[PDB]
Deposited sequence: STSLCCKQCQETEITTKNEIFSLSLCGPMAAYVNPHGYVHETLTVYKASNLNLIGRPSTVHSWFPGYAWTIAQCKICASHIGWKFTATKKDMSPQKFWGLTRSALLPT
């Protein structure tokens, strides 16, 4: 169930336990680890209306794994989640 950065191999980014389905490839998970955020949130072209995105890269190898999505309104659930490019992860 560990999902690790495919590039550096050793760095766990999330687990299968964290996977969920947002009502509307890209894996969406409630929680992730060992990612650094680059820049500030943007709503431009957001794949999840009502959320803004921030680039998220592996803390070890700087590979771009996906994005942190943050809610633009307080009344939403989850207030944030991660959308991760499946091919960037092992398994």
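The chain's deposited sequence has unresolved stretches at 1, 26-40, 108, with no C-alpha coordinates there.
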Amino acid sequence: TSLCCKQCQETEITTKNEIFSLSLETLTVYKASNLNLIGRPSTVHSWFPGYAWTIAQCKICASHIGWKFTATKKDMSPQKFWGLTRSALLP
From here on, numbers count along this sequence of modelled residues.
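In this text, rigid core is short for the largest set of C-alphas that superpose within 1.5 Å between two forms.
Of the two stretches examined, 15-23 and 78-86, the one with higher mean CA deviation in 6 other deposited structures of this protein after a rigid core fit is 15-23. Between 62-70 and 35-43, it is 35-43 that carries the larger average Cα temperature factor according to the deposited entry. Higher mean CA temperature factor between 14-22 and 71-79: 71-79, per the PDB entry. Among the modelled residues of its chain, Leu90 has a C-alpha B-factor that falls in the highest third, as given in the PDB entry.
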